[PDB]
Amino acid sequence: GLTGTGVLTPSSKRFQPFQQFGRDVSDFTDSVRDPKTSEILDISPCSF
Amino acid sequence: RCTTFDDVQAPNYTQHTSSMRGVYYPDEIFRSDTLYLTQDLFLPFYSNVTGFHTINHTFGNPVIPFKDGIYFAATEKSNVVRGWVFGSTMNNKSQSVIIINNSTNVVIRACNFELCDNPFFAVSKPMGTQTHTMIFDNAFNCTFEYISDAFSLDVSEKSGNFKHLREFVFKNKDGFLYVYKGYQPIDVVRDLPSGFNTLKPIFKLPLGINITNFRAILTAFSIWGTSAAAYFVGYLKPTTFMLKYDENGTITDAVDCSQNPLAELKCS
Amino acid sequence: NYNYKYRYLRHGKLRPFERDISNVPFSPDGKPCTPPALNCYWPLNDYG
C-alpha cells in the first residue's frame, strides 16, 4: 500500500518476523521488508 | 458431565507486587532511539498481583471474570493449566469460545457449548492420556471454529525449576482477539521475581460475543492434582506510557506516567 | 417472511462487532421467565 518517492538500499538492522515498517521519528516506515523476501532501508530524500 | 470434584475451598485472596511485568510489542512497527509515547490498558507497575497458590490442599478455578483487560502468568512445569473458554453465562446458553489443544495443535471453537461446571483433561500421573476431555459435547447455533499449528507442547505432572513460564495477555479490541506470548525461564521458590519481558503477538481471532466471565481449564490428574505452586493474575487499566527503544530494536525500558509523579515528569 | 427475525430488547447499549443469539425471557431486572408472563417477553421479532 506504500507508494512513494526516493532511494532504496539494503538494511543494516535487526528485523523481526511479523514486522514491516520502521517510522524513524514519525510515520515514515523507514524500511521495507520487501514482499518477496528482502529487508532494505528507505531514504525517501533523494537530493533536493 | 460437570465432573466436579470435592476439594475447592474459598481463598485468602493473597496479593503481591507487580513491579514491571507485562510489556508487549504495541504495533507491527519498528522504532529506534527515542522515548515514544502512547496510552493503553496496561497493568500498572508495582501494584497488586493476584496470587492463586493452588497446592494439593486447594484446587483453584472459580468463576473468573474478565473485567476490562487482563494478564495471565504461570511459572509452569510442562504446561499444566492450558485451556481458555471465554464467554458470558458459562453454560449451554452462552455461545462461548473454547481454546484448547490436542497436545500439539490449538483447536478453538465458538458456539453454544456444553459448558459444564467442571469439564477438564483427565490426565494421568506418569503418562498423561486425557481420559475425559469431552468438552466438544454440544454445538448448535454456532459461530466459528479455528485450528492452528501442531507444535511441541507437554502436559505431564512434574516439579523442579520454574523453567516454563507462560506469560499470556488476552486483549480484546472490538471483537478482535489479541494473543501475546513471551518465554522467560526463571527459578525462585515461588516468590515472584521482578523483571520485564516483551510479549509478542501470537494470534487474533475476531470473535465478538459478550465476553464477560470465564474459568480456567486445568489437567485433573485422573485425586486431582496441582503441586507446590501458584498462578498470577492481573487487570489492565487505561494509562499512558513512555517506552525507551534501543538501536537494537527492542523493548528495553517501559515507564508509565500515572504511577508516580516522578514517572509523570519522566514522560512529561 | 415470517422466517427471519431480529432482536429489539437488551439491558443497555451495544458494543462494536458483537453477536449474541440468546433469546432471553427478557425482563427489566432479571426474571428468567416463561413469556408472556407479565413483564416477561422475548427480544426476537419477525420481519413481515
# chains A, B, ... in the order shown; residues from 1 in each chain; ligands from 1
call {"tool": "select_by_dssp", "arguments": {"residues": "chain A", "states": "strand (DSSP E or B)", "output": "ChimeraX atom specification"}}
result
/A:7,10,21,31-34,38-41,43
call {"tool": "write_last_selection", "arguments": {"atoms": "N, CA, C and O atoms", "output": "JSON list (two decimals), in the first residue's frame"}}
result
[["chain", "number", "residue", "atom", "x", "y", "z"],
["A", 7, "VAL", "N", 14.89, 6.79, -2.64],
["A", 7, "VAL", "CA", 16.04, 5.95, -2.92],
["A", 7, "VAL", "C", 15.98, 4.76, -1.96],
["A", 7, "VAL", "O", 15.60, 4.92, -0.79],
["A", 10, "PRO", "N", 19.86, -1.59, 0.88],
["A", 10, "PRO", "CA", 19.60, -2.61, 1.91],
["A", 10, "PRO", "C", 19.92, -2.14, 3.32],
["A", 10, "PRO", "O", 20.61, -1.14, 3.54],
["A", 21, "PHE", "N", 7.62, -2.18, 9.10],
["A", 21, "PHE", "CA", 7.80, -0.74, 8.94],
["A", 21, "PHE", "C", 8.66, -0.21, 10.08],
["A", 21, "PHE", "O", 8.75, -0.82, 11.14],
["A", 31, "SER", "N", 11.91, 1.77, 5.88],
["A", 31, "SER", "CA", 12.47, 0.47, 5.58],
["A", 31, "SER", "C", 11.37, -0.40, 5.02],
["A", 31, "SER", "O", 10.23, -0.31, 5.49],
["A", 32, "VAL", "N", 11.69, -1.30, 4.10],
["A", 32, "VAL", "CA", 10.74, -2.35, 3.76],
["A", 32, "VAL", "C", 11.42, -3.70, 3.75],
["A", 32, "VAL", "O", 12.40, -3.95, 3.04],
["A", 33, "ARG", "N", 10.88, -4.58, 4.57],
["A", 33, "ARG", "CA", 10.81, -5.98, 4.25],
["A", 33, "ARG", "C", 9.98, -6.09, 2.98],
["A", 33, "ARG", "O", 8.75, -6.00, 3.03],
["A", 34, "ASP", "N", 10.67, -6.20, 1.85],
["A", 34, "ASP", "CA", 10.07, -6.47, 0.55],
["A", 34, "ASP", "C", 9.11, -7.66, 0.59],
["A", 34, "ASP", "O", 9.40, -8.67, 1.23],
["A", 38, "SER", "N", 13.11, -9.49, 0.91],
["A", 38, "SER", "CA", 14.29, -8.67, 1.15],
["A", 38, "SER", "C", 13.94, -7.77, 2.31],
["A", 38, "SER", "O", 12.78, -7.65, 2.68],
["A", 39, "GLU", "N", 14.95, -7.15, 2.91],
["A", 39, "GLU", "CA", 14.73, -6.22, 4.02],
["A", 39, "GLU", "C", 15.71, -5.08, 3.85],
["A", 39, "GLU", "O", 16.90, -5.22, 4.15],
["A", 40, "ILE", "N", 15.21, -3.98, 3.34],
["A", 40, "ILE", "CA", 16.03, -2.85, 2.96],
["A", 40, "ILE", "C", 15.56, -1.65, 3.74],
["A", 40, "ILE", "O", 14.52, -1.68, 4.40],
["A", 41, "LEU", "N", 16.33, -0.58, 3.64],
["A", 41, "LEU", "CA", 16.05, 0.70, 4.24],
["A", 41, "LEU", "C", 14.99, 1.46, 3.45],
["A", 41, "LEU", "O", 14.32, 0.92, 2.57],
["A", 43, "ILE", "N", 15.38, 5.69, 2.04],
["A", 43, "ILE", "CA", 15.76, 7.09, 2.08],
["A", 43, "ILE", "C", 14.89, 7.75, 1.02],
["A", 43, "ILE", "O", 15.31, 7.91, -0.13]]
call {"tool": "interface_residues", "arguments": {"of": "chain A", "to": "chain B", "cutoff": "12 Å", "atoms": "only C-alpha atoms", "output": "list in words"}}
result
residues 12, 13, 14, 15, 16, 17, 18, 19, 20, 21, 22, 23, 24, 25, 26, 27, 28, 29, 30, 31, 32, 33 and 41 of chain A
call {"tool": "closest_atom_pairs", "arguments": {"of": "chain B", "to": "chain C", "cutoff": "7 Å", "atoms": "only C-alpha atoms", "output": "JSON lines"}}
result
{"residue": "B:93", "atom": "CA", "partner": "C:22", "partner_atom": "CA", "distance": 6.6}
{"residue": "B:174", "atom": "CA", "partner": "C:16", "partner_atom": "CA", "distance": 5.3}
{"residue": "B:175", "atom": "CA", "partner": "C:17", "partner_atom": "CA", "distance": 5.5}
{"residue": "B:208", "atom": "CA", "partner": "C:18", "partner_atom": "CA", "distance": 4.1}
{"residue": "B:209", "atom": "CA", "partner": "C:18", "partner_atom": "CA", "distance": 4.7}
{"residue": "B:210", "atom": "CA", "partner": "C:18", "partner_atom": "CA", "distance": 6.8}
call {"tool": "closest_residue", "arguments": {"among": "B:167, B:6, B:264, B:68", "to": "residue 24 of chain B", "atoms": "only C-alpha atoms"}}
result
B:167
call {"tool": "closest_residue", "arguments": {"among": "B:19, B:198, B:148, B:61", "to": "residue 43 of chain B", "atoms": "only C-alpha atoms"}}
result
B:19
call {"tool": "atom_distance", "arguments": {"atom1": "atom CA of residue 91 of chain B", "atom2": "atom CA of residue 117 of chain B"}}
result
8.2 Å
call {"tool": "residues_around", "arguments": {"residues": "residue 1 of chain C", "least_positions_apart": "2", "cutoff": "10 Å", "atoms": "only C-alpha atoms", "output": "list in words"}}
result
residues 3, 4, 5, 46, 47 and 48 of chain C
call {"tool": "decode", "arguments": {"residues": "chain C", "atoms": "C-alpha atoms", "output": "tab-separated table (two decimals), in the first residue's frame"}}
result
chain	number	residue	atom	x	y	z
C	1	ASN	CA	-41.26	-13.55	5.58
C	2	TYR	CA	-42.18	-14.94	8.99
C	3	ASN	CA	-38.94	-16.94	8.81
C	4	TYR	CA	-36.44	-14.34	9.89
C	5	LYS	CA	-36.04	-12.08	12.85
C	6	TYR	CA	-34.02	-9.53	14.73
C	7	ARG	CA	-33.81	-8.60	18.41
C	8	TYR	CA	-35.10	-5.38	19.92
C	9	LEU	CA	-34.68	-5.94	23.68
C	10	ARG	CA	-31.49	-5.59	25.75
C	11	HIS	CA	-30.11	-4.38	29.07
C	12	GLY	CA	-28.07	-1.36	27.97
C	13	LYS	CA	-26.48	-0.39	24.67
C	14	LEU	CA	-24.28	-2.37	22.28
C	15	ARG	CA	-20.52	-2.63	21.80
C	16	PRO	CA	-18.91	-2.86	18.33
C	17	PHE	CA	-18.76	-6.18	16.46
C	18	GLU	CA	-20.54	-8.46	18.89
C	19	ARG	CA	-23.09	-11.23	18.46
C	20	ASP	CA	-25.41	-12.83	20.99
C	21	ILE	CA	-28.17	-15.21	19.98
C	22	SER	CA	-29.65	-15.76	23.46
C	23	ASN	CA	-33.41	-15.25	23.27
C	24	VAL	CA	-33.68	-14.28	26.92
C	25	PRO	CA	-37.09	-14.38	28.55
C	26	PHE	CA	-36.40	-10.71	28.84
C	27	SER	CA	-37.44	-8.56	31.79
C	28	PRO	CA	-36.09	-5.22	33.12
C	29	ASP	CA	-34.41	-6.63	36.25
C	30	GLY	CA	-33.58	-10.24	35.50
C	31	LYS	CA	-36.60	-12.58	35.96
C	32	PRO	CA	-35.86	-15.71	33.91
C	33	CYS	CA	-39.45	-16.20	32.84
C	34	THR	CA	-41.98	-18.22	30.86
C	35	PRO	CA	-43.11	-15.46	28.50
C	36	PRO	CA	-45.62	-13.98	28.05
C	37	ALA	CA	-45.95	-13.97	31.81
C	38	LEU	CA	-46.34	-10.32	32.61
C	39	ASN	CA	-43.23	-8.10	32.26
C	40	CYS	CA	-41.51	-11.12	30.58
C	41	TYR	CA	-41.17	-11.14	26.77
C	42	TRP	CA	-38.58	-12.08	24.17
C	43	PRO	CA	-36.26	-9.78	22.17
C	44	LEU	CA	-36.82	-11.57	18.85
C	45	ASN	CA	-39.22	-10.23	16.24
C	46	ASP	CA	-40.10	-11.24	12.68
C	47	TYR	CA	-39.90	-9.22	9.50
C	48	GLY	CA	-43.32	-9.24	7.81
